[PDB]
Number of protein chains: 2
Amino acid sequence: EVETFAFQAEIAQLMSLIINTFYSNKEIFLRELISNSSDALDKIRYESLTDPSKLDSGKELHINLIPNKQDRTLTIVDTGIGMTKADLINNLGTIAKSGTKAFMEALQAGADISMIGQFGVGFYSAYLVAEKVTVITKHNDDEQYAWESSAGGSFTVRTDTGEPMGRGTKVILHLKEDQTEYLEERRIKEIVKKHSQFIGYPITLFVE
Amino acid sequence: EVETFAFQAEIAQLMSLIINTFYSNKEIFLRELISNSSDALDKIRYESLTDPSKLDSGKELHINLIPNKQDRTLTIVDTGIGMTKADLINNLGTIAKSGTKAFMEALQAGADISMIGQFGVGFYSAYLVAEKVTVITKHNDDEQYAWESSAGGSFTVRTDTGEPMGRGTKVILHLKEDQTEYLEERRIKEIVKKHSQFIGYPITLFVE
Ligand SMILES: O=c1[nH]nc(-c2ccc(O)cc2O)n1-c1ccccc1F
Ligand SMILES: O=c1[nH]nc(-c2ccc(O)cc2O)n1-c1ccccc1F
């Protein structure tokens, strides 16, 4: 059963701002999503220091970047702690209501959209480049779920039957027609080198 | 009973690097500790979104900066999630062994000590300015504890009987003799404005 939820008003406001504001420096979405993956990987690593069984769902701690020109998708996969159904519903594990308030105050006070991650709502920068985002996730304490939203004020959550992940999160960006540069190897390599050069996990850019 | 523990070798190495490297830009310690407080405050806020009773130990979410020229201490107080005894022993809730490895690799590859927070070990920047650090903490799931270290390869942990905190962490920096500028109101205000202007919680600088 596919469940449909309304975004909280503040989150719908954040998403409308991200989609409608004229702002050329879109490439920062990748750093934001890689940063979230790195934080999730730190969380499972920290839990494993006192309970090695936390890694029975997979010992490898990594980030993969998978472009697909046929499907027009860029997928960011991590083997981090994952998210429970409750975390997905609760703005993908963020304090997004308060984060949005601070971000919008900062934008009016002299800040730009690239600073979104300082407000803990960097995930939503995916909507700078994606028309639809699908998040497939598996936490050790829950089942595999798929969250999805094309903005418009709602998101869906369903159980994900296909391809079991073990543990982690996959963010599938269904790119806007005019944002296909983010599927080009040279462009992705450039962004990873510019903004994600000090991430403590291997980032593998898959080839097509 | 006061328990004495050895730092893991990598953490003792990190602390020796911080204490012995010639590096003038010491003021970044404050941003690092305020950043950790902000992360702890986000964690309790996130837990409270699904369980309001998480805030029975205190509803106020804030950061206080308390200089004391008589004791030569600068104390950073937060009402964040706090740390259990296990978190304190486990490098104050960090993945410090892996964080240190990445930080030292980066330093050799063209990075400086101000970038410590990108490696998740920013707490240890306290030793840029402090000869001794005492951390008093209270998590909802444990008792109030005091961690302490003057470096030298060990730290202690004890129960803290005095002044119950409710919930949070207090980092007491026992400043080095030549670092008393960090007790001056104008100097602290300057650092907070330069590096911590987008923190989503009130930061109150106490007066003497
Ligand atoms: O805790 C977990 N588990 N999985 C995630 C996760 C979220 C978004 C994302 O693009 C990638 C991720 O791996 N997070 C997380 C990370 C950062 C902030 C809040 C969070 F919930
Ligand atoms: O989770 C909690 N609870 N309390 C803390 C805490 C640690 C240091 C600090 O200067 C202030 C804090 O409030 N943290 C935390 C924050 C950042 C990284 C790892 C952590 F454990």
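Residues numbered from 1 in each chain as written, not as in the entry; some residues may be left out. Chains lettered and ligands numbered in written order. Heavy atoms only, no water.

Caption draft 1: Representation of the interface of chain B and chain A in the model. Contacts between the two partners involve 19 residues from chain B, matched on the other side by 19 residues from chain A. At the boundary of chain B with chain A, total buried surface from both sides reaches about 1,500 Å², with 67% on carbon and sulfur atoms. When the buried area of chain B at its contact with chain A is split by residue, B:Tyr46, B:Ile95 and B:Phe198 rank highest and sum to 46% of it. Run the count over chain B and chain A and you get zero salt bridges. (Contact = heavy atoms within 4.5 Å. Buried area = accessible area lost by both parts, 1.4 Å probe. Salt bridge = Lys/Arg side-chain N within 4 Å of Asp/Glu carboxyl O.)

Caption draft 2: Geometry of the site of ligand 1. All names here are of chain A. Around ligand 1 sit 13 residues, and of these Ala40, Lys43, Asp78, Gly82 and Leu92 come closest. Between an oxygen atom of ligand 1 and a side-chain N or O atom of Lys43, the distance comes to 2.9 Å. Within the contact set of ligand 1, an oxygen atom lies 2.6 Å away from a side-chain nitrogen or oxygen of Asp78. Contact with the protein chains hides 92% of the accessible area of ligand 1, taken as 430 Å² for the molecule alone. Listing elements by their share of the shell around ligand 1, those giving two or more residues are α2 (28–48) and β7 (168–175). Considering every element that reaches the shell around ligand 1, the biggest residue donor is α2, with five residues. When its residues are assigned to classes, the shell around ligand 1 shows six nonpolar, five polar and two charged. (Near = heavy atom within 4 Å. Polar contact = N/O pair within 3.5 Å; in protein donor to acceptor, adjacent residues only side chain to side chain. Areas by Shrake-Rupley, 256 points an atom, 1.4 Å probe, with all protein chains shown as cover. Helix = DSSP H or I, 4+ residues; strand = E, 2+ residues; numbered from the N terminus. Nonpolar A, V, L, I, M, F, W, Y, C, P; charged D, E, K, R; others polar.)

Caption draft 3: Quick peek at unusual backbone geometry. Residues and elements named next belong to chain A. The phi torsion at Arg72 lies on the positive side, around 60°, for a residue other than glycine. With respect to the helices and strands, the residue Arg72 is situated in the loop between β2 (63–68) and β3 (73–78). A residue is classified by how much of its surface remains accessible, and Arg72, at 25% relative accessible area, is partly exposed. One non-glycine residue, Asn91, adopts positive backbone phi at about 50°. (Buried < 20%, exposed > 50% of the residue type's maximum accessible area, 1.4 Å probe, protein only.)

Caption draft 4: Region of interest: the side chain of B:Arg187. Residues and elements named next belong to chain B. Counting through the fold element by element, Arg187 comes out in helix α5 (residues 185–195). Within the structure, the side chain of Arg187 is placed 3.3 Å from the side chain of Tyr182, a separation counted as a polar contact. The residues contacting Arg187, other than those within four sequence positions of it, are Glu27, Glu181 and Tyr182.

Caption draft 5: The sheet that holds β3(A), seen in detail. Residue and element names in this part refer to chain A. Pairing in this open sheet of eight strands is mixed, and the strands run β1-β6-β5-β4-β7-β3-β2-β8 from one edge to the other. Each edge of the sheet is formed by a strand with only one pairing partner; in this case those strands are β1 (3–6) and β8 (203–205). For this sheet, the mean inter-axis angle between neighbouring strands, taken without regard to orientation, is 15°. Relative to strand β6 (residues 154–159), strand β5 (residues 145–149) runs antiparallel, the two sharing four bridges. When the sheet's bridge partners are listed, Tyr145 is paired in β6 with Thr159. Relative to β8, helix α5 (residues 185–195) is tilted by about 165°, and along the sheet it contacts β2, β3 and β8. (Pairing = 2+ DSSP bridges. Axes fitted to C-alpha atoms, helices over the stretch in contact; angles between N-to-C directions.)

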